[PDB]
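A short worksheet on the structure shown next.
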Number of protein chains: 2
Amino acid sequence: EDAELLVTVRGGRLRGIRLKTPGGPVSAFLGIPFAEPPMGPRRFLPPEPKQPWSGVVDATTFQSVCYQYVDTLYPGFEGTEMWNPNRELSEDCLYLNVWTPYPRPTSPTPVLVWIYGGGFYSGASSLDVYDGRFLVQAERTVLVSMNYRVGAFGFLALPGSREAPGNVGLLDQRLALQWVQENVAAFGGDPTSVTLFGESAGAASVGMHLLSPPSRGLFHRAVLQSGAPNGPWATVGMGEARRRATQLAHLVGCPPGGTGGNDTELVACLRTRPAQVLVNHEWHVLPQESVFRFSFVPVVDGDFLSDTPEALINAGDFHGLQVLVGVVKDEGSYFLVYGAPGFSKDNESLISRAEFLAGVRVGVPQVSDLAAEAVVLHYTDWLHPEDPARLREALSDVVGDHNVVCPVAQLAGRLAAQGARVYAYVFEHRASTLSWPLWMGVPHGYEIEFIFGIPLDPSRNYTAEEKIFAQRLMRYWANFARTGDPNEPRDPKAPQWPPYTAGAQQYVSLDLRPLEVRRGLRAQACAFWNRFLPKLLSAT
Amino acid sequence: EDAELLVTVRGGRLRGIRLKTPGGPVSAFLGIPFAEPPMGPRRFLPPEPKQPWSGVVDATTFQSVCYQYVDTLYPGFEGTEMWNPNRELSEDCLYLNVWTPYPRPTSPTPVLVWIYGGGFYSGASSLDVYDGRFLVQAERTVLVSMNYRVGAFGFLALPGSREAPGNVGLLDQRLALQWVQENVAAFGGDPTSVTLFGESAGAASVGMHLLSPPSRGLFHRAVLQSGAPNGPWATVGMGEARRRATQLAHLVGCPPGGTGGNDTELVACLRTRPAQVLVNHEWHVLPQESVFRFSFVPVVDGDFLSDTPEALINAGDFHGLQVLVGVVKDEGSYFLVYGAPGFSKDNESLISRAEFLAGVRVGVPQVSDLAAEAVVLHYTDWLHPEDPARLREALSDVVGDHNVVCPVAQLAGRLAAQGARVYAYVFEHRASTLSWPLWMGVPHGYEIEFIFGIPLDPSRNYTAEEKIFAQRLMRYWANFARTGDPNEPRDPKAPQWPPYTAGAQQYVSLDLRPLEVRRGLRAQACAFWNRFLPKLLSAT
Ligand SMILES: NC(=O)c1cc[n+](CCCn2ccnc2/C=N/O)cc1
Ligand SMILES: NC(=O)c1cc[n+](CCCn2ccnc2/C=N/O)cc1
C-alpha cells in the first residue's frame, strides 16, 4: 500500500486508487459520499450533509448513476450510447470524485469542478469522456466532479410547499461545492482558486451559481461550454412547474381517485411510487412536440433564483470575475434527429421546404404564426429557397442560435460590459473518430473529449495532430484556472487570445490551425433573437 | 452416459440435453440448424436447406434470436420484458428446437409445432413461456418450435423481383415443417399426425399455411389462438409493400444520391447496411398514427398467397380438417397503452369522451369520418355516454373486436360451414401473478403460460388451483393433437365441448370453473364489422 492513497477528510478516511496515464501515474478518489442518500422520505428534498463514518470508505470505483431516462433512439450506436449511464441506476447516487497528481502537490493547487450536462434529465460523472486522469497528469491540477439528481428526482417543483421546493439538483451541486471548500486541501487543492466549468445543462448550472448569492462565495472563475442560464430551455415558470408536476402525478396514479387535493398528499403519493415508474412518464408532460425542451428543469422560485436569469444578469455586478464562454460550430445538428421531420442520421437529411416549415415550429416552440414567419425570413436563402442542403443547414442554425449561441452571446456581452473579463471561442474541429454523419459537422458535446485529453488514451484511434490539439486545449483551460487568463503568462511566440468586449466582440477559433481572432458571435443572426423577437411577441 | 441424448438426422448427429420437471425428466434438442444462415447476399431471400455437417452439433442450448425491435416502453417491467429477446440478436437465427419424453416413445407420437407471435416484427422460440418441458412430460407428446425471420429481414417485399420476393419469414416456417416431415421420427414423432398451433401473428401464420397448397400437406390439424389470417393487420397489398420498402431504403440512404431506383440496385444497397440500422427505422414507415398495425407483414403476392386470405377462405374446401380457435376476454386492452390517448398502465386510464373519439381513429385506422361515426354508435352506451370506466372498456372492445375477435369469428364460421370440424373457446382467467394493471382484465398473450404448463414450475408463485387448471388445458390441447377432438375419450362425467357451427355458434369458457357452453362470439358486435362496415366503405 502506498502512503498517498489514504486520505482523511472531515467525514472519515478514504482509500483511493492509482490510475495510469501514458506519461505518469495519478491518484484518484472515486465515489466519495458527500450527502445522505435521498431515498424514501427524503425524495424531492434538499440534500443533507453526509454523516461522519467509521472505518475506511472504499473510493476505488465510481458509484451509482442517478435515476434517469436512457436514450433508446439508436441502440448500439456509439454516438448516443457514450452518454448513457455506465453504472447501475439508483437514487443513492450523491457521490463525487477527486483526481490529484502523483506525487501529491506540496503547494496549494487550483481546483477544477466539473458539472456534467444532459438537459437536466440525464448525465453522470462516471462517463469515459469525463475521465480527469489526463488533465490532472498533464497540467498538475486538481479535478473534482460530482453527481447531482436529474429529472423529476432533482427538479420536480411544487412551488410553495416544503416537500418539493424545486432546484434540489442545483442544491446537490452547491453541497458538493461546500465539500470542496472543506476538504480539497487534503488532496493538495487550493480552496481559494476554484474554477467551475460545465457543458450544456452543466454550463447553465454554472451560470445559475453565478446568479445565486450563497453559491457565489464557493468559486472564483467560471467556464460555460455550449450553454447559458438565460437559455429558453434552462428555466421554467412557477405555474408551469406546478402543471408538469401535477400531470406526472396523474400519469402514475396520484392522487388516488379521488381523495387528496393538496401538495402534501400529492408528494406523499409520488414518494411511494418506484423510481422507474416516474422515469417512464417524464417525457409525457411536455406541452408541445419539440426538440431542445425538457420536462423538469430549474425553476424561478425566488429562493435559489430571486428573479429570472435574464433579469439577474442585467442588474448584477461582475467585477473581479473571469469567465470563459464558447460554442461549437454546429450546435443544432445533434438535436434535429430527435423529432424534426425528415431528419435521419442514416441519410443526408435532404429536407423539403414543407418539412423545413414544420421543423421551425418544432425547433422554436411556443411562438405565434407571425414570429415563425419572421424566423423563416431571416434563415431562408431567397436565391435558393428550395435547396435541401441549405434548408438543412438553416434549420440546424435556427435551433443552434435560438437555444445556445445567442443566449451565450447575450450573456457574454452583459458580463464583459459589467466588470467581468470574458474570453470567447468557437470549436470548429470535427474529431476523426466521430461516429455521427458528416452533415452534422461539429455537433453539440464533442469538444469535451479534447478538453479532457481523451485523445491521449492510446487505446483510441486518434491522430497525432489531434493529440497535440488536445494538449493545447488542456493548456488553455488550465491557464485560465490558475491565472484567469487562457494565454500563457510568459509565451510570446504563440498568438494571443484577446478578451471579449461588448463593442469589438472578439473571439478565437479552436482548430488544428493556430489561433485566429474573429469578430461577432453571429451578431447579425442573434440581433433577431435578442432584440426584435422579444418585441414581436409583446405585440401579439 | 445416456444414449437417448445422441440422435442422428439427415444432416448429421446431435447431442441433446435432459431437462428436469417436477414429474420426470425430458430430453431436449435445442438449437438444431434447419437452414443455411441468411446473411450477406442471402438477406431477404428464401431459405436454403441446411447442408449436412460432419461431427456432432451441440444441441444443449437455445441459439440466437432473429434481429428485431426491442420494446422499451416500460423498461424493467415484467409484463413487457417477458417478450423481449433472451439471447443474442443475429441474422444467424434459423434454428428449431425439439422436446421429447424420456424414455423415448417406442411408438409414433403426435407432434405439436409451435409458431410464436409478435406482430411479424419480434418474437423468439426461446422465451421462458414457450418452454415445452411441461407439456411433453405431462402428455407424452413431441413439441417442436422454430425461429423465423421477422421484420424487414423476413417480410420486406418488392413484388416482382427475385431479390426481395416477400413472405420469406413464412418460407422459414415451411422449411421447418418439411424438416419435421423428414426427421421427427428420429425423436419418436409421427409425421402423419402433426398439429400446428400458434398465437397472434403465429396464429395468422398457421392460418396462412392452411391457404397455401405447398404448406397444406405438411400438417393435419391447426390451432389459432387470438389471431387469424384474415385480420386487418396480417396482410398488406403489393403497392403498399413497395412503398414501405422504398421509404425504409430512403431512411437508410438507399439508393445513394444520384443512383437508379430499380429493385436490383435498391436491394443491393439494403444488403450492405448493418442489421441494426434497418431495425431503427422500422416503425417510421407506417402511414398513420395507429395501434395494432405493423410495418412489414405478409403480402398477397400471388405465390404463397394466390389471393387475399378473405377470398381463399370463402372459396376453399376444408373437409377432413380439425381446427381449434379461440380468444381471450380482453383482447384489446394490451394494445391501448401503446398509443391511445389518455392510456397508461400506471393509472386507471379513465379516459374522457374526447379522448375516446381520438382513440377510435387510432384503434381503427384508414377509415372515413362516417365509418368512425358508426363505430362510435355501436360502442357508446348512450345511457352513460361519458362514463370514463365504460369508455375505457368500449375502446378496449373496439380494438379487440376489429383486430382479433371478429376476424376469428368469421374464420370459424366459414371453416365449419365448409367441412372443417371447429372448436371454439374464450379464455377468461386472469393469472394471479399477472403484473399488468387490473383494468386490462385478461390481456392478449397471457393464456400461453397455461397451455405450456408454466404454473407447474416450482420457482413460480402460482396458486394450487391454477396448476390443476394448467393440467386441464394441456389435456385439452393434447387430446386435440392426438384425436382431433379436445374432449376426453374415456371420461363422460366432465361436461362436453361441443363443436362450433355457423348456426348454433357454440363455444366454451376456460377458467377455474368447469366448462360452460355459451353461444355467440360477439355476434351482435361482429355483425357490424363483418357485414355492415364493408358496405359502408364501398359507398365511401
Ligand atoms: N419516448 C419518447 O417518445 C421520447 C420523446 C422525446 N424524447 C426526447 C429526446 C431528447 N431530446 C429531444 C430534443 N433534444 C434532445 C436531447 N438529446 O440529447 C425522448 C423520448
Ligand atoms: N415511437 C416509436 O419509435 C415507436 C415504437 C414502437 N411502436 C409500436 C409499439 C408496439 N405496438 C404499436 C401498436 N401495437 C403495438 C403492439 N405492441 O405489442 C410505435 C412507435
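All of the numbers you see were taken from the coordinates with simple rules; none came from a lab. Cβ sites come from the backbone with ideal geometry, for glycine too, and all protein chains shown count toward neighbours.
Applying a DSSP loop filter and a limit of 14 other Cβ atoms within 10 Å to the chymotrypsin sites (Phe, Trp or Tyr not before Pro) in region A:1-107 leaves A:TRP53.
A simple spin-label model places the labels of B:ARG216 and B:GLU182 2.3 nm from each other, with each point 7 Å out along Cα-to-Cβ. Karplus-based coupling profile of region A:438-453, in residue order and whole Hz: 6, 5, 7, x, 9, x, 5, x, 9, 9, 5, 5, 7, 5, 8, x, with θ = phi - 60° in 6.51 cos²θ - 1.76 cosθ + 1.60 and x standing for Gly or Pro. For B:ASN84 and B:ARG18, the difference between the fully extended length at 0.36 nm per residue and the C-alpha to C-alpha distance is 21.2 nm. Modelled this way, with points 7 Å down the Cα-to-C-beta line, the labels at B:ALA502 and B:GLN366 are 2.6 nm from one another. Would you mind counting up the charge near A:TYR74? Only other residues with Cβ under 14 Å from its Cβ, with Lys and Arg at +1 and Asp and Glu at -1. Summing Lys/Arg as +1 and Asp/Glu as -1 gives -3. Restricted to Cα atoms, chain A shows a radius of gyration and a Dmax of 22.8, 74 angstrom. Applying a threshold of 27 Å to the alpha-carbon distances of A:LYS20/A:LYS467; A:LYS467/A:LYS493; A:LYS329/A:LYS467; A:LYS50/B:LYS345; A:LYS20/A:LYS345; B:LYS467/B:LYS493 flags A:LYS50/B:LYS345; A:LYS20/A:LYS345 as lying beyond it. Between identical copies, the spacing of A:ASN86 label points, each set 7 Å from Cα toward the C-beta atom, reads 3.2 nm from nearest to farthest. Between region B:42-92 and region B:485-527, how many Å separate their Cα centres? Spelled out, the Cα-based centre of one part sits 37 Å from the other. Give the calculated FRET efficiency between A:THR483 and A:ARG519 to the nearest 0.05, with a Förster radius of 35 Å applied to their Cβ-Cβ distance. The computed FRET efficiency comes out at 0.90. Sequentially through region A:524-540, phi angles give Karplus couplings (6.51, -1.76, 1.60; θ = phi - 60°) of 6, 6, 7, 5, 5, 7, 8, 10, 7, 4, x, 6, 6, 8, 5, 9, 4 Hz, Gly and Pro residues having no value and appearing as x.
By the rule of a C-alpha distance below 17 Å, with chain neighbours fewer than 8 residues away ignored, the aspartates and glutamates paired with B:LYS535 are B:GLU310, B:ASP369, B:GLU373.
Per-residue Karplus couplings for region A:488-500, computed as 6.51 cos²θ - 1.76 cosθ + 1.60 with θ equal to phi - 60°, are listed in order as 6, x, 10, 8, x, 6, 9, x, 8, 9, x, x, 9 Hz, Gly and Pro entered as x. For B:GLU48, the residues whose modelled amide H falls within less than 5 Å of its own, excluding neighbours fewer than 5 places apart on the same chain, are B:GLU36.
Under 5 Å from the amide H of A:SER193 lie the amide H atoms of A:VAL111, each residue being 5 or more positions distant or on a separate chain, with H modelled from the backbone and absent for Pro and chain starts. Annotation for region A:439-465 versus region B:357-409: alpha-carbon center distance of 54 Å.
Label positions at B:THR308 and B:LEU377, each projected 7 Å from the Cα along the C-beta direction, are separated by 2.3 nm. Between the exposed loop cleavage positions of chain B, defined as GluC sites (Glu not before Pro) in a non-H, G, I, E, B DSSP state with at most 10 neighbouring beta-carbon atoms within 10 angstrom, the longest gap is B:89-540. Where chain B is rotated onto chain A, the residue of B whose Cβ comes nearest the axis, and that gap in whole Å, is B:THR72, 2.
Sequence-distant contacts, meaning Cα pairs under 8 Å at least 6 residues apart, place the relative contact order of chain A at 13 percent.
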